[PDB]
Amino acid sequence: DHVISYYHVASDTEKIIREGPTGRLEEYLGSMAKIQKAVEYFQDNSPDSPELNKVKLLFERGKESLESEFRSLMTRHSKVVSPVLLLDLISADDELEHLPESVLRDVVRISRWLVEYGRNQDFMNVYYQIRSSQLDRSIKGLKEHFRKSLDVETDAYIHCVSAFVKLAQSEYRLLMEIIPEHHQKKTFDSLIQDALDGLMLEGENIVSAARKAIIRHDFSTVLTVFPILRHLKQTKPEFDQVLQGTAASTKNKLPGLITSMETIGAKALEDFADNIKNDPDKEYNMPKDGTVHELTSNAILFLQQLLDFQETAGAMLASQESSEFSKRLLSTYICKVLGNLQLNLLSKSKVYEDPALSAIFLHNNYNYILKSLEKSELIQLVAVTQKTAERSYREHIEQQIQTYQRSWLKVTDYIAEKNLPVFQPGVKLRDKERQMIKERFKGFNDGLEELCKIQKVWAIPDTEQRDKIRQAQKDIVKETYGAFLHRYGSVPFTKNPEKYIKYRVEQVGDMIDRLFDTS
């Protein structure tokens, strides 16, 4: 005769139902079941009656309390993951208690209950909103950690990207326990939106920073795009995995950033190729002493850095158009910068009025370059498309030296065979013979002094080359002058020897050795 017990359900359960389920979910659901038993009794035995409405409302109140309890439990227990813990999770690279085991049991229970007795799935939205907030916070917290402990920002961005992958993986597991099958993908997609957007936004700010650095012609704050781009491409496979099942507009976000990064990268290499090509070839930025030019050193360094990220650089250029393909493209690009550099130096060398200085300038810069493609693996990158490149630089260097040597012809022409009498008489120097000898000593002496005055400034940084050039010139000038001095210095041609014979063969060689050495 337990049919009378239904008419007491409402009074007996009002209290507990009103007090809420906190800390006693099972007990609460037992009362909810008692109430639902009354609802079924009255609906199937006394519809549209007062008792029926009263229990139906208590049930509705109970349902609302359970919804609130779901939120409150998630709010109170969803925590941000610590910076140190994130770094360890990454350092490890694994498959993490988000909620006390008791809280998890409850939220799962409430979720399953709301699923079959609830009118809507709004608690699911409440779920992805709380988890989303902590996910985003965990990632930004990791960033603030690095900035707390340049190469820093780049490092922090890299770990934040991998952190997002780990935590998104983490969330998916937890979501699977609480969210019903059919709503899992959607709810998860919504959950990761903010942390993901925050990751994409940060990536775009880095792209934007690069762009501005490029405009300021700063190409260092641009190489930091290479490590990042490389990481994004490396991580993409894990990204696609955790994002499978989400919207197309979600799976496309990472790729979007990658294209943005590759684009600002190509733009960086291209704008640099062109800067080198268009660098001012006017007097103002031309070393008065014809030594290595800043443009050469800058070009060389910048190319050294690319070695650190060949595949990244190669794939980058490639993507604006296979491993061998990007390799050749990279080589091509490198040769282009060099060709640009060499073509620019030529135009620059035309600034000097003295062709021998132009030659020295070209010698110093081609040498520097040819000795830089041997200090790094660059020559092996250039060789890919420029077989004989190394040989070519050597030949150009040699030719420039020969052009330099032309500056001495004005001096040596005075005492060369072609400027001397065919016969070497000795019967008695007649007035003409003597004037001829005078004329030649004076021409040689004036020329030697003139040249040494002008060329002492000139520089040849590579001491090894400076010595070979000096040597070569001494052998040449010493020999001719010696012969000349022996044959005509001995004979009596004037009552003023010191006036015409001013230098001993050795002394000439000393004047030569003092060349190309600022003091």
# chains A, B, ... in the order shown; residues from 1 in each chain; ligands from 1

$ residues_around --residues "stretch 179-192 of chain A" --least-positions-apart "4" --cutoff "8 Å" --atoms "only C-alpha atoms" --output "list in words"
residues 111, 112, 115, 124, 125, 128, 129, 131, 132, 135, 168, 172, 175, 196, 243, 245, 246, 247 and 250 of chain A

$ closest_atom_pairs --of "stretch 271-388 of chain A" --to "stretch 226-230 of chain A" --cutoff "10 Å" --atoms "only C-alpha atoms" --output "CSV"
residue,atom,partner,partner_atom,distance
A:306,CA,A:226,CA,9.1
A:308,CA,A:226,CA,9.3
A:309,CA,A:226,CA,6.8
A:310,CA,A:226,CA,9.6
A:311,CA,A:230,CA,8.8
A:312,CA,A:230,CA,6.0
A:313,CA,A:226,CA,7.3
A:315,CA,A:230,CA,9.8
A:316,CA,A:229,CA,9.0

$ select_by_dssp --residues "stretch 248-368 of chain A" --states "helix (DSSP H, G or I)" --output "number ranges by chain"
A: 248-251, 253-278, 283-285, 294-308, 310-318, 323-349, 355-368

$ closest_residue --among "A:139, A:469, A:383, A:483" --to "residue A:84" --atoms "only C-alpha atoms"
A:139

$ atom_distance --atom1 "atom CA of residue A:110" --atom2 "atom CA of residue A:178"
8.9 Å

$ atom_distance --atom1 "atom CA of residue A:439" --atom2 "atom CA of residue A:499"
11.4 Å

$ closest_atom_pairs --of "stretch 299-319 of chain A" --to "stretch 340-357 of chain A" --cutoff "12 Å" --atoms "only C-alpha atoms" --output "Markdown table"
| residue | atom | partner | partner_atom | distance |
| --- | --- | --- | --- | --- |
| A:299 | CA | A:341 | CA | 7.4 |
| A:300 | CA | A:341 | CA | 9.5 |
| A:303 | CA | A:341 | CA | 11.8 |

$ residues_around --residues "residue A:26" --least-positions-apart "4" --cutoff "10 Å" --atoms "only C-alpha atoms" --output "number ranges by chain"
A: 21, 30-32, 106, 109-110

$ residues_around --residues "residue A:320" --least-positions-apart "3" --cutoff "8 Å" --atoms "only C-alpha atoms" --output "list in words"
residues 262, 263, 266, 316 and 317 of chain A

$ write_last_selection --atoms "C-alpha atoms" --output "CSV table (one decimal), in the first residue's frame"
chain,number,residue,atom,x,y,z
A,262,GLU,CA,57.2,31.4,-45.5
A,263,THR,CA,56.0,34.6,-47.4
A,266,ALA,CA,61.1,34.8,-49.1
A,316,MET,CA,60.8,28.5,-48.0
A,317,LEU,CA,61.9,29.8,-51.5

$ closest_residue --among "A:138, A:11, A:376, A:319" --to "residue A:160" --atoms "only C-alpha atoms"
A:138

$ closest_residue --among "A:404, A:114, A:83, A:416" --to "residue A:68" --atoms "only C-alpha atoms"
A:114

$ atom_distance --atom1 "atom CA of residue A:509" --atom2 "atom CA of residue A:459"
18.2 Å

$ closest_residue --among "A:100, A:107, A:47, A:90" --to "residue A:70" --atoms "only C-alpha atoms"
A:107

$ residues_around --residues "residue A:141" --least-positions-apart "2" --cutoff "9 Å" --atoms "only C-alpha atoms" --output "NGL selection string"
:A and (80-83 or 136-139 or 143-145)

$ residues_around --residues "residue A:390" --least-positions-apart "3" --cutoff "10 Å" --atoms "only C-alpha atoms" --output "JSON, numbers by chain"
{"A": [370, 371, 373, 374, 379, 382, 383, 386, 387, 393, 394, 395]}

$ closest_residue --among "A:494, A:220, A:455, A:45" --to "residue A:272" --atoms "only C-alpha atoms"
A:220

$ residues_around --residues "residue A:470" --least-positions-apart "2" --cutoff "10 Å" --atoms "only C-alpha atoms" --output "compact mmCIF listing (two decimals) with C-alpha atoms, in the first residue's frame"
# COMPACT_ATOMS: atom_id res chain seq x y z
CA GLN A 465 98.35 38.67 -50.37
CA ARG A 466 100.02 41.95 -49.47
CA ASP A 467 103.34 40.15 -49.24
CA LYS A 468 102.93 38.31 -52.57
CA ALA A 472 106.17 40.33 -57.27
CA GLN A 473 106.64 44.07 -57.67
CA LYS A 474 110.12 44.03 -56.12
CA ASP A 475 111.31 41.24 -58.39
CA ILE A 476 110.04 43.22 -61.37
CA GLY A 509 112.93 47.51 -52.71
CA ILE A 512 108.11 48.98 -52.25
CA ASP A 513 107.87 46.98 -49.01
CA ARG A 514 106.60 50.07 -47.17
CA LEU A 515 103.60 50.15 -49.52
CA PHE A 516 100.14 49.03 -48.35

$ closest_residue --among "A:325, A:388, A:255, A:364" --to "residue A:297" --atoms "only C-alpha atoms"
A:364
